[PDB]
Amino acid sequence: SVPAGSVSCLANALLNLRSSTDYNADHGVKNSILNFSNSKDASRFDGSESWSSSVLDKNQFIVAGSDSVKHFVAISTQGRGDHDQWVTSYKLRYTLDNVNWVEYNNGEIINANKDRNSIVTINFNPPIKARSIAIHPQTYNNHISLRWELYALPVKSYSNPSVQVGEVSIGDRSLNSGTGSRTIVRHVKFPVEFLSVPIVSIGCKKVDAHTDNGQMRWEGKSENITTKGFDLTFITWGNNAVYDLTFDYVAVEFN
């Protein structure tokens, strides 16, 4: 079973494909998408409804890859739509760093197809975590020919952040006197405008302040965050005299 919500990688043209060999360009990996089907006009040939290797041995493969870390949850294979050709068993190989390749599950040989069109699906628990994956047919019927699809987790909503950083201080004696709940606002303009409204984290890196009968009171808050900047509100209360406070900030936009 293909888990609900998963991404069809070839359907969405998310992976580059490279076969070991092709019978010819009209039998190439571009024709390997699961359920691939073309013209039924038998007078002209518009391509095999599969990838088909040229060499017939145990060393053929399609490699599927891209820069990003995919979490593959399953793989589906299928035979050739237009001729009695199919892969009947295959091994999997993969790589997360693109330098070291590993055998999936110690070189597990997986039972594949029995006919032209029936879909056989394999599920990975836990997901294979890879940048490139390769299918390696071991046995076949008539010829090494397949359609297939790879399934991956969708991308997390938090992914691909943009970040801007900086520091901000009171800079003067605004909170160094008076009584009660006291506030002073520093307006921060981000060096560059965000696309979406960031979330902002702050951290104190300087405290110069007087206790009030032994009590220390200071707070920093970010507020009125927009795409262009925000307000760092420096806060004190009781009778505390804050001479200076400094925060670093980290602003993060996603999605």
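For every residue, the number given is its place in the sequence shown, counted from 1.
- Higher mean CA B-factor, judged across 179-187 and 93-101 from the recorded values: 179-187.
- Relative to one another, 37-45 and 198-206 have unequal mean CA B-factors, and 37-45 is the one with the higher figure.
- Of the candidates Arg217, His27, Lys228, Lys70, the PDB record gives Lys228 the highest C-alpha temperature factor.
- For the set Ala112, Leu150, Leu153, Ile133, the PDB entry assigns the largest Cα B-factor to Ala112.
- Sort the modelled residues of the chain by CA B factor and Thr211 lands in the middle third.
- Residue-level temperature factors show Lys129 in the lowest third of its chain, judged at the C-alpha atom.
- Among the modelled residues of the chain, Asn31 sits in the lowest third by CA temperature factor in this PDB entry.
- Remark: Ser222 belongs to the middle third of its chain, ranked by C-alpha B-factor as recorded.
- Ranked within its chain, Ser52 lands in the middle third, by CA B factor from the PDB record.
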